[PDB]
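work-v8.cif follows (mmCIF, C-alpha atoms and all ligand atoms):
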data_start
loop_
_atom_site.label_atom_id
_atom_site.label_comp_id
_atom_site.auth_asym_id
_atom_site.auth_seq_id
_atom_site.Cartn_x
_atom_site.Cartn_y
_atom_site.Cartn_z
CA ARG A 5 0.00 0.00 0.00
CA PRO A 6 0.83 3.77 -0.17
CA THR A 7 0.39 6.69 2.22
CA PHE A 8 -2.63 8.83 1.36
CA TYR A 9 -3.37 12.46 2.21
CA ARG A 10 -6.66 14.33 2.61
CA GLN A 11 -7.51 17.87 1.51
CA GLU A 12 -10.49 19.91 0.34
CA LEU A 13 -10.56 21.78 -2.97
CA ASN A 14 -13.61 23.75 -4.14
CA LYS A 15 -16.11 22.08 -1.81
CA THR A 16 -15.17 18.45 -2.44
CA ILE A 17 -12.50 16.71 -0.41
CA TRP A 18 -9.70 14.72 -2.12
CA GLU A 19 -7.79 11.73 -0.77
CA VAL A 20 -4.91 10.81 -3.05
CA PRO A 21 -1.58 9.04 -2.66
CA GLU A 22 1.27 11.34 -1.55
CA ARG A 23 3.07 10.70 -4.84
CA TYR A 24 0.64 13.23 -6.31
CA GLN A 25 1.44 16.85 -5.26
CA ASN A 26 0.06 20.33 -6.09
CA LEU A 27 -3.55 19.43 -6.88
CA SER A 28 -5.27 22.35 -8.69
CA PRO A 29 -8.93 22.29 -9.89
CA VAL A 30 -8.77 22.26 -13.68
CA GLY A 31 -10.97 23.45 -16.55
CA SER A 32 -14.11 24.51 -14.63
CA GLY A 33 -15.22 20.92 -13.97
CA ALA A 34 -15.93 20.79 -17.71
CA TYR A 35 -14.16 17.42 -17.79
CA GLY A 36 -15.80 16.64 -14.44
CA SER A 37 -14.12 16.71 -11.04
CA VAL A 38 -10.57 16.88 -12.44
CA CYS A 39 -7.42 18.22 -10.84
CA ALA A 40 -4.02 18.84 -12.35
CA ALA A 41 -1.21 17.26 -10.30
CA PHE A 42 2.50 16.48 -10.34
CA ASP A 43 3.53 12.79 -10.50
CA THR A 44 6.34 12.69 -7.94
CA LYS A 45 7.18 9.23 -9.31
CA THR A 46 7.32 9.92 -13.02
CA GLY A 47 8.19 13.59 -12.74
CA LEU A 48 5.33 14.03 -15.18
CA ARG A 49 2.18 16.14 -14.86
CA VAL A 50 -1.05 14.18 -14.77
CA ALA A 51 -4.76 14.85 -14.59
CA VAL A 52 -6.68 13.45 -11.64
CA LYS A 53 -10.42 12.84 -11.88
CA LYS A 54 -12.42 11.92 -8.76
CA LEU A 55 -15.65 10.23 -9.85
CA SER A 56 -18.79 11.98 -8.59
CA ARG A 57 -20.97 9.72 -6.39
CA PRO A 58 -19.57 6.55 -8.10
CA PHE A 59 -22.05 4.17 -6.50
CA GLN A 60 -25.17 6.13 -5.53
CA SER A 61 -27.37 4.15 -7.91
CA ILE A 62 -27.19 1.17 -10.26
CA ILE A 63 -26.79 3.47 -13.21
CA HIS A 64 -23.90 5.38 -11.65
CA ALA A 65 -22.22 2.18 -10.55
CA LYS A 66 -22.53 0.89 -14.13
CA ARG A 67 -21.08 4.11 -15.65
CA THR A 68 -18.20 3.88 -13.18
CA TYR A 69 -17.51 0.28 -14.20
CA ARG A 70 -17.88 1.30 -17.88
CA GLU A 71 -15.40 4.14 -17.51
CA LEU A 72 -12.73 2.12 -15.77
CA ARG A 73 -13.05 -0.72 -18.30
CA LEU A 74 -12.69 1.61 -21.27
CA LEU A 75 -9.73 3.52 -19.85
CA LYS A 76 -7.92 0.29 -18.96
CA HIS A 77 -8.36 -0.89 -22.58
CA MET A 78 -6.98 2.25 -24.30
CA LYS A 79 -3.39 1.83 -25.49
CA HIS A 80 -2.86 4.27 -28.31
CA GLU A 81 -1.09 7.61 -28.83
CA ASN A 82 -4.19 9.43 -29.87
CA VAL A 83 -6.55 8.16 -27.22
CA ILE A 84 -6.36 9.06 -23.51
CA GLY A 85 -4.97 6.19 -21.45
CA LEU A 86 -4.94 5.12 -17.82
CA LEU A 87 -1.78 6.09 -15.87
CA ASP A 88 -3.26 5.05 -12.53
CA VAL A 89 -6.52 4.37 -10.68
CA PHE A 90 -6.72 4.36 -6.92
CA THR A 91 -9.11 4.46 -4.01
CA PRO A 92 -8.64 5.39 -0.38
CA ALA A 93 -10.52 2.29 0.74
CA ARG A 94 -8.55 -0.48 2.41
CA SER A 95 -11.55 -2.72 1.79
CA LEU A 96 -14.20 -3.58 -0.77
CA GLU A 97 -16.50 -2.91 2.19
CA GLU A 98 -15.54 0.72 2.47
CA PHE A 99 -15.00 1.22 -1.28
CA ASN A 100 -16.95 4.35 -2.18
CA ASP A 101 -14.43 6.53 -4.00
CA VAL A 102 -12.66 6.17 -7.36
CA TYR A 103 -9.86 8.36 -8.75
CA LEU A 104 -8.57 8.03 -12.33
CA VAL A 105 -5.21 9.33 -13.56
CA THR A 106 -4.20 10.15 -17.13
CA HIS A 107 -1.50 12.36 -18.70
CA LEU A 108 -2.28 16.07 -18.41
CA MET A 109 -2.96 17.75 -21.78
CA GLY A 110 -2.31 21.46 -22.39
CA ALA A 111 -5.58 22.60 -23.95
CA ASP A 112 -8.66 21.44 -25.85
CA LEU A 113 -9.85 22.43 -29.35
CA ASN A 114 -12.95 24.23 -28.04
CA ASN A 115 -10.64 27.07 -27.06
CA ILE A 116 -7.70 26.99 -29.51
CA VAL A 117 -9.99 27.48 -32.52
CA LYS A 118 -11.54 30.28 -30.45
CA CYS A 119 -8.35 32.16 -31.23
CA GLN A 120 -9.34 32.47 -34.90
CA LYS A 121 -9.17 29.71 -37.55
CA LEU A 122 -6.25 27.31 -38.06
CA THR A 123 -3.75 26.81 -40.87
CA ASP A 124 -4.36 23.98 -43.31
CA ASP A 125 -1.30 22.05 -42.15
CA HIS A 126 -2.51 22.45 -38.58
CA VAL A 127 -5.89 21.03 -39.58
CA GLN A 128 -4.24 18.15 -41.47
CA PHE A 129 -2.19 17.17 -38.46
CA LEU A 130 -5.04 17.53 -35.92
CA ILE A 131 -7.71 15.82 -38.05
CA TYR A 132 -5.19 13.13 -38.96
CA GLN A 133 -4.58 12.33 -35.31
CA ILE A 134 -8.33 12.23 -34.60
CA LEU A 135 -8.81 9.71 -37.43
CA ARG A 136 -5.95 7.56 -36.16
CA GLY A 137 -7.48 7.45 -32.66
CA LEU A 138 -10.92 6.80 -34.15
CA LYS A 139 -9.60 3.98 -36.34
CA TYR A 140 -8.25 2.40 -33.15
CA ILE A 141 -11.40 2.80 -31.05
CA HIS A 142 -13.79 1.68 -33.78
CA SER A 143 -11.63 -1.40 -34.45
CA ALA A 144 -12.63 -2.56 -30.93
CA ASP A 145 -16.36 -1.84 -31.58
CA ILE A 146 -16.30 1.29 -29.41
CA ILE A 147 -18.01 4.49 -30.56
CA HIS A 148 -17.25 7.86 -29.04
CA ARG A 149 -20.77 9.24 -29.73
CA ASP A 150 -20.06 12.76 -28.48
CA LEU A 151 -16.93 13.82 -30.39
CA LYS A 152 -16.66 17.58 -29.78
CA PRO A 153 -13.84 20.17 -29.67
CA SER A 154 -13.80 20.24 -25.85
CA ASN A 155 -13.35 16.46 -26.09
CA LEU A 156 -10.12 16.83 -28.11
CA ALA A 157 -7.06 17.53 -25.96
CA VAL A 158 -3.81 18.83 -27.38
CA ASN A 159 -0.36 19.78 -26.24
CA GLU A 160 1.79 22.73 -27.40
CA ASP A 161 3.28 19.89 -29.46
CA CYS A 162 -0.04 19.81 -31.33
CA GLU A 163 0.04 16.24 -30.04
CA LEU A 164 -3.64 15.25 -29.78
CA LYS A 165 -5.64 12.83 -27.65
CA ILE A 166 -9.33 11.93 -27.72
CA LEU A 167 -11.16 12.00 -24.41
CA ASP A 168 -14.44 10.98 -22.89
CA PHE A 169 -15.13 8.32 -25.53
CA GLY A 170 -17.77 5.58 -25.15
CA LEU A 171 -19.58 7.19 -22.24
CA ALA A 172 -22.46 8.99 -23.98
CA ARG A 173 -25.80 7.15 -24.25
CA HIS A 174 -25.44 3.40 -23.60
CA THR A 185 -23.36 19.16 -28.19
CA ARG A 186 -25.94 18.70 -30.94
CA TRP A 187 -23.87 20.93 -33.23
CA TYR A 188 -21.58 17.96 -33.98
CA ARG A 189 -24.21 15.23 -33.78
CA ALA A 190 -24.90 12.93 -36.74
CA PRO A 191 -28.37 13.36 -38.13
CA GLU A 192 -29.22 9.63 -37.79
CA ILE A 193 -29.24 10.38 -34.05
CA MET A 194 -31.00 13.73 -34.15
CA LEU A 195 -33.93 12.73 -36.37
CA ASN A 196 -35.59 10.09 -34.20
CA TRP A 197 -33.31 7.16 -35.00
CA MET A 198 -33.16 6.05 -38.64
CA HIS A 199 -30.38 3.73 -37.39
CA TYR A 200 -26.59 4.16 -37.23
CA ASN A 201 -23.05 2.86 -36.66
CA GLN A 202 -19.50 4.05 -35.92
CA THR A 203 -19.66 6.53 -38.83
CA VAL A 204 -21.61 8.67 -36.39
CA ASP A 205 -18.15 9.77 -35.15
CA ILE A 206 -16.98 10.57 -38.69
CA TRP A 207 -19.86 13.04 -39.07
CA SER A 208 -18.60 14.76 -35.92
CA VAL A 209 -15.03 14.92 -37.21
CA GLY A 210 -16.49 16.41 -40.40
CA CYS A 211 -18.26 19.16 -38.46
CA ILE A 212 -15.11 19.77 -36.41
CA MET A 213 -12.71 19.93 -39.37
CA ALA A 214 -15.09 22.43 -40.93
CA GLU A 215 -15.02 24.62 -37.84
CA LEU A 216 -11.18 24.50 -37.69
CA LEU A 217 -10.86 25.54 -41.36
CA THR A 218 -13.39 28.41 -41.32
CA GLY A 219 -13.38 29.33 -37.64
CA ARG A 220 -17.20 29.10 -37.44
CA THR A 221 -19.66 26.50 -36.19
CA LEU A 222 -20.63 24.50 -39.27
CA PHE A 223 -24.16 23.77 -37.90
CA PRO A 224 -25.06 26.00 -34.92
CA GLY A 225 -28.42 24.36 -34.23
CA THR A 226 -30.98 25.93 -31.89
CA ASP A 227 -32.60 22.55 -31.22
CA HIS A 228 -33.23 19.20 -32.85
CA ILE A 229 -35.43 20.58 -35.64
CA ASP A 230 -33.39 23.71 -36.27
CA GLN A 231 -30.30 21.47 -36.29
CA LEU A 232 -31.64 19.11 -38.91
CA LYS A 233 -32.77 22.07 -40.97
CA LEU A 234 -29.21 23.44 -40.95
CA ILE A 235 -27.76 20.13 -42.14
CA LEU A 236 -30.16 19.51 -45.04
CA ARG A 237 -29.50 23.05 -46.29
CA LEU A 238 -25.92 21.90 -46.78
CA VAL A 239 -26.04 18.18 -47.56
CA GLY A 240 -29.47 18.41 -49.14
CA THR A 241 -32.74 16.60 -48.73
CA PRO A 242 -32.69 12.77 -48.40
CA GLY A 243 -32.90 10.89 -51.70
CA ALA A 244 -34.81 7.78 -52.72
CA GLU A 245 -31.97 5.40 -51.87
CA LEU A 246 -31.88 6.96 -48.42
CA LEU A 247 -35.62 7.07 -47.62
CA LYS A 248 -35.79 3.44 -48.75
CA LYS A 249 -33.65 2.63 -45.71
CA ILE A 250 -35.63 4.60 -43.18
CA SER A 251 -37.38 2.15 -40.83
CA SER A 252 -38.97 4.95 -38.84
CA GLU A 253 -42.44 5.71 -40.28
CA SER A 254 -42.31 8.81 -38.09
CA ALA A 255 -39.11 10.06 -39.69
CA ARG A 256 -40.24 9.35 -43.25
CA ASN A 257 -43.08 11.75 -42.56
CA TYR A 258 -41.08 14.77 -41.43
CA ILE A 259 -38.39 14.34 -44.07
CA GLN A 260 -40.70 13.67 -47.00
CA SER A 261 -42.87 16.63 -45.92
CA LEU A 262 -40.38 19.50 -45.57
CA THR A 263 -39.14 21.64 -48.46
CA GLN A 264 -36.93 19.63 -50.78
CA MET A 265 -33.37 21.01 -50.67
CA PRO A 266 -30.53 20.21 -53.07
CA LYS A 267 -27.07 19.25 -51.83
CA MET A 268 -24.78 22.24 -52.00
CA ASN A 269 -21.37 22.53 -53.63
CA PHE A 270 -18.90 22.25 -50.74
CA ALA A 271 -16.27 23.86 -52.96
CA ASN A 272 -18.61 26.89 -52.93
CA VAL A 273 -19.34 26.79 -49.23
CA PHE A 274 -15.71 26.31 -48.16
CA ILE A 275 -14.09 28.82 -50.52
CA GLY A 276 -10.33 29.05 -50.70
CA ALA A 277 -9.88 25.94 -48.56
CA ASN A 278 -7.47 23.24 -49.66
CA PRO A 279 -9.60 21.41 -52.25
CA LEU A 280 -8.20 18.12 -50.88
CA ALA A 281 -9.80 19.16 -47.62
CA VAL A 282 -13.11 19.93 -49.35
CA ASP A 283 -13.19 16.52 -51.03
CA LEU A 284 -12.60 14.89 -47.66
CA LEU A 285 -15.39 16.99 -46.08
CA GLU A 286 -17.63 15.80 -48.91
CA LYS A 287 -16.91 12.17 -47.95
CA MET A 288 -17.69 12.68 -44.23
CA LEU A 289 -20.75 14.88 -44.46
CA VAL A 290 -23.10 12.47 -46.25
CA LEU A 291 -26.54 11.81 -44.73
CA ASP A 292 -26.50 8.11 -45.55
CA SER A 293 -24.42 6.41 -42.84
CA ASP A 294 -23.57 3.51 -45.15
CA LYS A 295 -21.93 5.90 -47.61
CA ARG A 296 -19.93 7.93 -45.12
CA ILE A 297 -16.18 7.33 -45.28
CA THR A 298 -14.56 5.29 -42.47
CA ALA A 299 -11.72 6.37 -40.21
CA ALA A 300 -9.45 3.79 -41.80
CA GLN A 301 -10.43 4.87 -45.32
CA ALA A 302 -10.20 8.57 -44.41
CA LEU A 303 -6.62 8.06 -43.19
CA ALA A 304 -5.64 7.06 -46.75
CA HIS A 305 -7.17 10.17 -48.19
CA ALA A 306 -4.59 12.23 -50.12
CA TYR A 307 -5.37 15.18 -47.84
CA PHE A 308 -3.15 13.30 -45.35
CA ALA A 309 -0.33 12.41 -47.76
CA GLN A 310 2.20 14.05 -45.40
CA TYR A 311 1.34 12.04 -42.25
CA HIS A 312 -0.27 8.82 -43.39
CA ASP A 313 1.63 5.60 -42.73
CA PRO A 314 -0.31 2.32 -43.06
CA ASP A 315 2.31 0.55 -40.94
CA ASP A 316 1.75 2.86 -37.95
CA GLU A 317 -2.05 3.06 -37.75
CA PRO A 318 -2.78 0.19 -35.32
CA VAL A 319 -6.11 -1.45 -34.58
CA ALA A 320 -7.09 -2.29 -31.00
CA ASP A 321 -7.12 -5.63 -29.17
CA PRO A 322 -10.64 -7.03 -28.81
CA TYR A 323 -12.81 -5.43 -26.10
CA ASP A 324 -15.34 -7.39 -24.03
CA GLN A 325 -18.48 -5.23 -23.96
CA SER A 326 -20.81 -8.03 -22.77
CA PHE A 327 -21.34 -6.42 -19.37
CA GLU A 328 -23.28 -3.72 -21.24
CA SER A 329 -26.16 -6.16 -21.50
CA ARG A 330 -26.14 -7.12 -17.82
CA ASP A 331 -28.62 -5.89 -15.19
CA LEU A 332 -26.90 -6.21 -11.85
CA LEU A 333 -27.24 -4.87 -8.30
CA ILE A 334 -25.28 -1.76 -7.27
CA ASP A 335 -22.98 -3.82 -5.06
CA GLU A 336 -22.25 -6.24 -7.87
CA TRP A 337 -21.11 -3.40 -10.12
CA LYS A 338 -19.11 -2.08 -7.17
CA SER A 339 -17.33 -5.39 -6.57
CA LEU A 340 -16.55 -5.59 -10.30
CA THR A 341 -15.13 -2.07 -10.23
CA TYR A 342 -13.15 -3.01 -7.14
CA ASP A 343 -11.76 -6.07 -8.98
CA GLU A 344 -10.74 -3.81 -11.90
CA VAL A 345 -8.99 -1.31 -9.65
CA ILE A 346 -7.18 -4.16 -7.91
CA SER A 347 -5.88 -5.93 -11.03
CA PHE A 348 -4.73 -2.63 -12.57
CA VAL A 349 -1.28 -2.84 -14.11
CA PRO A 350 0.50 0.44 -14.83
CA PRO A 351 1.92 1.33 -18.36
CA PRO A 352 5.34 0.28 -19.61
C1 LIG B 1 -7.73 18.98 -22.52
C2 LIG B 1 -8.23 19.62 -21.24
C3 LIG B 1 -7.08 20.12 -20.39
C4 LIG B 1 -7.56 21.10 -19.31
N1 LIG B 1 -6.35 18.98 -19.82
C5 LIG B 1 -6.77 17.70 -19.56
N2 LIG B 1 -5.92 16.69 -19.54
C6 LIG B 1 -6.56 15.51 -19.25
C7 LIG B 1 -7.91 15.60 -19.04
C8 LIG B 1 -8.89 14.59 -18.73
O1 LIG B 1 -10.09 14.81 -18.83
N3 LIG B 1 -8.36 13.37 -18.31
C9 LIG B 1 -9.22 12.27 -18.02
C10 LIG B 1 -10.02 11.73 -19.05
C11 LIG B 1 -10.88 10.65 -18.82
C12 LIG B 1 -11.70 10.10 -19.96
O2 LIG B 1 -11.47 10.45 -21.11
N4 LIG B 1 -12.71 9.20 -19.65
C13 LIG B 1 -13.36 8.40 -20.67
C14 LIG B 1 -10.90 10.10 -17.54
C15 LIG B 1 -10.11 10.62 -16.51
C16 LIG B 1 -9.25 11.71 -16.72
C17 LIG B 1 -8.41 12.22 -15.59
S1 LIG B 1 -8.41 17.22 -19.21
#

Please re-express this file's structure in structure tokens.
Amino acid sequence: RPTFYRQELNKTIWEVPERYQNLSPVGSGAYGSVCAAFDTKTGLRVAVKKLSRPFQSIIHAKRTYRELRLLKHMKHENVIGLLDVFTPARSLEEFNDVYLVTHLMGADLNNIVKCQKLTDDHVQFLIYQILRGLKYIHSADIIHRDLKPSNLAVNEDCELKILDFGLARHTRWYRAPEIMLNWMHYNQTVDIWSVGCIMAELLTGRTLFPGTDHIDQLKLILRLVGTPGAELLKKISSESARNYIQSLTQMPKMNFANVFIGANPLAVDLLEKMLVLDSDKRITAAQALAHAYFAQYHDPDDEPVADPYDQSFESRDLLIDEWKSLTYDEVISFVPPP
């Protein structure tokens, strides 16, 4: 065991091992109860997240178990990984707190683009890294579901890591329409749509689709990608959806080259491949990585897939204490990095 140390930041109290000094409440709890700290053992700066009421209900206990499992699985340069997970409980019996530790990233895209648009080479390198991380997560059947600029962490290096993946469900500005509009089905390409919206924002400096709500959002998307065609409506299982869609004013798809003027045309062609309404036609992360727009960074031999990930628990309906014990088991068997 290690020697812990109490303290109270904001209003919450924190009990971490002594190897973690200088805890300072980071990014307005936007990433949750996270503190920046110094790793006395690695001499590196890490981010410390104390889960909020980890086992108050079944649902919380399940989300806690889900989080730990996901973080323990992530072993990739472009996806946040687990440096350490600890609890101040000497027993499963008194296990009520969870703390997760990852590398500390400098900033997130929600702010850096808020300093005016980016250069094309900056977009190539950032979007490239997102696609590499996405290729890895999707290869394990994990979907981020809420890819957003504040969910993309970068260092001064422009080194990029995806965060907060696979938590959402089982903001709308970046959401794929097959999620907005009722639920005409979907897949992992729901993340590609988000990357499309993000890339667009980075290139222009403006929110591609600044929706006011679900209906205003959809309306903004169709204006750009156009009204759903016959091949698309043929695949819509939702009678509800087929009504709305087939009833609103028919809009043609616009010329991206005209909407994104002066942008690297290679970039425009890629945006065309990501921003398609039909989720079966959207480009994949793996395919996108081979897009000429990334000629300068692409390397098939260094774009790894992930080991398989056991998501069967997702289907289980257990008691709070059973999720707790499972979480406890996961904390216990944790094996740090190299
Ligand atoms: C980019 C924002 C700036 C302020 N720095 C940051 N570095 C790292 C941050 C972070 O959230 N780490 C983190 C992410 C997850 C996660 O992704 N769970 C699925 C879980 C726990 C932690 C501790 S935030």

ask   = Do you have the CA of residue 211 in chain A-CA of residue 167 in chain A distance handy?
value = 17.3 Å

Contacts with ligand LIG 1 (chain B) at most 9 Å, only C-alpha atoms and all ligand atoms counted, listed as a ChimeraX atom specification = /A:30-32,34-40,50-55,70-72,74-75,83-86,103-113,154-159,165-171

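You can rank A:242, A:153, A:352, A:314 by their closest distance to residue 214 in chain A using all atoms listed in the file, and at the top of that list sits A:153.
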
ask   = Which of these residues is nearest to residue 136 in chain A, using only C-alpha atoms: A:164, A:216, A:282, A:41?
value = A:164

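In this structure, CA of residue 334 in chain A sits 11.5 Å away from CA of residue 100 in chain A.
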
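Pairwise distance (CA of residue 349 in chain A, CA of residue 90 in chain A) equals 11.5 Å.
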
Could you give me, as CSV, a per-residue list for range 137-227 of chain A showing, wherever an atom lies at most 9 Å from an atom of range 300-311 of chain A, the closest pair of atoms and their distance in Å to one decimal, using all atoms listed in the file and sorting by chain then residue number from low to high?
residue,atom,partner,partner_atom,distance
A:138,CA,A:300,CA,8.4
A:139,CA,A:300,CA,5.5
A:140,CA,A:300,CA,8.8

Store the residues of this selection in a file with C-alpha atoms, as an mmCIF file, in the coordinates of the input.
data_model
loop_
_atom_site.group_PDB
_atom_site.id
_atom_site.type_symbol
_atom_site.label_atom_id
_atom_site.label_comp_id
_atom_site.auth_asym_id
_atom_site.auth_seq_id
_atom_site.Cartn_x
_atom_site.Cartn_y
_atom_site.Cartn_z
ATOM 1 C CA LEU A 138 -10.920 6.800 -34.150
ATOM 2 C CA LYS A 139 -9.600 3.980 -36.340
ATOM 3 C CA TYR A 140 -8.250 2.400 -33.150
#

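The shell of residues at most 12 Å from residue 340 in chain A, with all atoms listed in the file counted and near chain neighbours (fewer than 2 positions) removed, consists of residues 59, 65, 66, 67, 68, 69, 70, 72, 73, 96, 99, 327, 332, 333, 334, 335, 336, 337, 338, 342, 343, 344, 345, 346 and 347 of chain A.
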
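For the set A:42, A:258, A:8, A:188, the residue with the smallest atom-to-atom gap to residue 289 in chain A is A:188, counting only C-alpha atoms.
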
A:91, A:46, A:115, A:278 ranked by distance to residue 9 in chain A, top pick (using all atoms listed in the file) = A:91

Taking all atoms of range 24-33 of chain A that the file lists, what box with edges along x, y and z, padded by 4 Å per side, do you get, with centre and edge lengths in Å to one decimal, as JSON?
{"center_x": -6.9, "center_y": 18.9, "center_z": -10.9, "size_x": 24.7, "size_y": 19.3, "size_z": 19.3}

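Comparing the minimum interatomic distances between residue 119 in chain A and each of A:200, A:220, A:141, A:57, counting only C-alpha atoms, we find that A:220 sits nearest.
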
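Nearest residue to residue 240 in chain A among A:255, A:281, A:217, A:268 is A:268, counting only C-alpha atoms.
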
Reconstructed N, CA, C and O atoms for range 47-65 of chain A, given as a JSON list (two decimals), in the frame of the given file:
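Listing of selection_4.json after writing:
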[["chain", "number", "residue", "atom", "x", "y", "z"],
["A", 47, "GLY", "N", 7.72, 12.24, -12.49],
["A", 47, "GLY", "CA", 8.19, 13.59, -12.74],
["A", 47, "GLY", "C", 7.36, 14.21, -13.84],
["A", 47, "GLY", "O", 7.72, 15.23, -14.42],
["A", 48, "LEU", "N", 6.23, 13.57, -14.14],
["A", 48, "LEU", "CA", 5.33, 14.03, -15.18],
["A", 48, "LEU", "C", 4.09, 14.67, -14.56],
["A", 48, "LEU", "O", 3.79, 14.44, -13.38],
["A", 49, "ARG", "N", 3.39, 15.49, -15.34],
["A", 49, "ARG", "CA", 2.18, 16.14, -14.86],
["A", 49, "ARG", "C", 1.01, 15.32, -15.35],
["A", 49, "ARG", "O", 0.95, 14.98, -16.53],
["A", 50, "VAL", "N", 0.10, 15.01, -14.45],
["A", 50, "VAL", "CA", -1.05, 14.18, -14.77],
["A", 50, "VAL", "C", -2.33, 14.92, -14.45],
["A", 50, "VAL", "O", -2.32, 15.99, -13.83],
["A", 51, "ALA", "N", -3.44, 14.31, -14.86],
["A", 51, "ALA", "CA", -4.76, 14.85, -14.59],
["A", 51, "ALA", "C", -5.42, 13.83, -13.67],
["A", 51, "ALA", "O", -5.30, 12.62, -13.88],
["A", 52, "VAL", "N", -6.05, 14.32, -12.61],
["A", 52, "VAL", "CA", -6.68, 13.45, -11.64],
["A", 52, "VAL", "C", -8.18, 13.73, -11.62],
["A", 52, "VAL", "O", -8.60, 14.87, -11.46],
["A", 53, "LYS", "N", -8.97, 12.70, -11.88],
["A", 53, "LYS", "CA", -10.42, 12.84, -11.88],
["A", 53, "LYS", "C", -11.02, 12.00, -10.76],
["A", 53, "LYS", "O", -10.86, 10.78, -10.74],
["A", 54, "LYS", "N", -11.72, 12.65, -9.83],
["A", 54, "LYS", "CA", -12.42, 11.92, -8.76],
["A", 54, "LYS", "C", -13.85, 11.70, -9.24],
["A", 54, "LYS", "O", -14.57, 12.67, -9.53],
["A", 55, "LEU", "N", -14.27, 10.45, -9.40],
["A", 55, "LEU", "CA", -15.65, 10.23, -9.85],
["A", 55, "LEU", "C", -16.68, 10.83, -8.88],
["A", 55, "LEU", "O", -16.49, 10.84, -7.66],
["A", 56, "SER", "N", -17.76, 11.37, -9.43],
["A", 56, "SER", "CA", -18.79, 11.98, -8.59],
["A", 56, "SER", "C", -19.89, 10.98, -8.19],
["A", 56, "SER", "O", -20.65, 10.52, -9.04],
["A", 57, "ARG", "N", -19.96, 10.66, -6.90],
["A", 57, "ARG", "CA", -20.97, 9.72, -6.39],
["A", 57, "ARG", "C", -20.99, 8.44, -7.22],
["A", 57, "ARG", "O", -22.02, 8.08, -7.82],
["A", 58, "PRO", "N", -19.84, 7.75, -7.29],
["A", 58, "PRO", "CA", -19.57, 6.55, -8.10],
["A", 58, "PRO", "C", -20.58, 5.41, -7.94],
["A", 58, "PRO", "O", -20.83, 4.67, -8.89],
["A", 59, "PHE", "N", -21.12, 5.26, -6.74],
["A", 59, "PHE", "CA", -22.05, 4.17, -6.50],
["A", 59, "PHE", "C", -23.31, 4.58, -5.77],
["A", 59, "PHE", "O", -23.75, 3.88, -4.87],
["A", 60, "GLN", "N", -23.92, 5.70, -6.17],
["A", 60, "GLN", "CA", -25.17, 6.13, -5.53],
["A", 60, "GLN", "C", -26.34, 5.28, -6.02],
["A", 60, "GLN", "O", -27.22, 4.93, -5.24],
["A", 61, "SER", "N", -26.31, 4.94, -7.30],
["A", 61, "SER", "CA", -27.37, 4.15, -7.91],
["A", 61, "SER", "C", -26.79, 3.07, -8.80],
["A", 61, "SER", "O", -25.58, 2.97, -8.94],
["A", 62, "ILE", "N", -27.65, 2.24, -9.38],
["A", 62, "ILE", "CA", -27.19, 1.17, -10.26],
["A", 62, "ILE", "C", -26.55, 1.79, -11.47],
["A", 62, "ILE", "O", -25.50, 1.35, -11.93],
["A", 63, "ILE", "N", -27.22, 2.79, -12.01],
["A", 63, "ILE", "CA", -26.79, 3.47, -13.21],
["A", 63, "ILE", "C", -25.42, 4.12, -13.08],
["A", 63, "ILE", "O", -24.57, 3.97, -13.96],
["A", 64, "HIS", "N", -25.18, 4.77, -11.94],
["A", 64, "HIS", "CA", -23.90, 5.38, -11.65],
["A", 64, "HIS", "C", -22.84, 4.29, -11.54],
["A", 64, "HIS", "O", -21.75, 4.42, -12.09],
["A", 65, "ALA", "N", -23.17, 3.25, -10.78],
["A", 65, "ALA", "CA", -22.22, 2.18, -10.55],
["A", 65, "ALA", "C", -21.83, 1.53, -11.88],
["A", 65, "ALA", "O", -20.69, 1.11, -12.06]]
